[PDB]
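Comments concern the structure below.
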Amino acid sequence: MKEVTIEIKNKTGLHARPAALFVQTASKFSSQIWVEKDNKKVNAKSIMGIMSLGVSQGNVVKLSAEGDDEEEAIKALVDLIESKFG
């Protein structure tokens with residue numbers, strides 16, 4: 001299991017296209033991936049889960065993954081977030 005604490009810095013946070021890019025990037029991996037904000041942990045592959053988290057610009061979330069490609073999965077999301085979703 002791999003976990004990372006990270007600040008989301010893009011305008012819309014986890015909303016709009018960035019929200020879709022995020023969901024589709026996690027769906028690329030077989031591992032189960034979660035996002036926690038405050039006290040609420042949701043599935044990173046679920047758009048409804050991400051929306052319910054209400055992640056805005058500047059918010060600090062905790063990404064975690066568990067599976068055969070958990071390291072690659074976390075790395076992929078980190079690189080995506082750090083590029084501010086292109």
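All Cβ positions, even for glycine, are placed from backbone atoms using ideal geometry, and neighbour counts span all protein chains on display. All of the numbers you see were taken from the coordinates with simple rules; none came from a lab.
Pairwise Cα distances in the range 38-86 exceed 15 Å in 53 percent of cases.
Here is the P(r) of the chain: all C-alpha pair distances, binned every 5 Å from 0, give 3, 17, 30, 30, 16, 3, 0 in whole percents.
Of 62, 37, 11, which is the most mobile in a GNM of the chain whose springs link Cα atoms less than 10 angstrom apart? In this elastic network of the chain, the residue with the biggest mean-square fluctuation among 62, 37, 11 is 11.
Against the main long axis of the alpha-carbon atoms of the chain, helix 16-26 sits at an angle near 10°. Each residue of the range 32-47 was assigned a 3J(HN,Hα) from its phi angle through the Karplus curve 6.51 cos²θ - 1.76 cosθ + 1.60 (θ = phi - 60°); the sequence is 8, 10, 10, 10, 10, 9, 6, 10, 9, 9, 10, 6, 6, 9, 9, 5 Hz, with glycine and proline shown as x. Helix 70-82: angle to the longest alpha-carbon principal axis of the chain, degrees 0 to 90, nearest 10? Approximately 20 degrees, to the nearest ten.
What the phi angles of the range 54-60 give under the Karplus curve with 6.51, -1.76 and 1.60, with θ = phi - 60°, is a coupling list of x, 8, 9, 4, x, 5, 9 Hz, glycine and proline written as x. Given +1 at the Cβ of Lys and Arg, -1 at the Cβ of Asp and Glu and no other charges, the dipole of the chain around its Cα centre is 480 debye to the nearest 20. Take every pair of alpha-carbon atoms less than 8 Å apart whose residues are at least six positions apart; their mean separation over the length of the chain yields a relative contact order of 44 percent.
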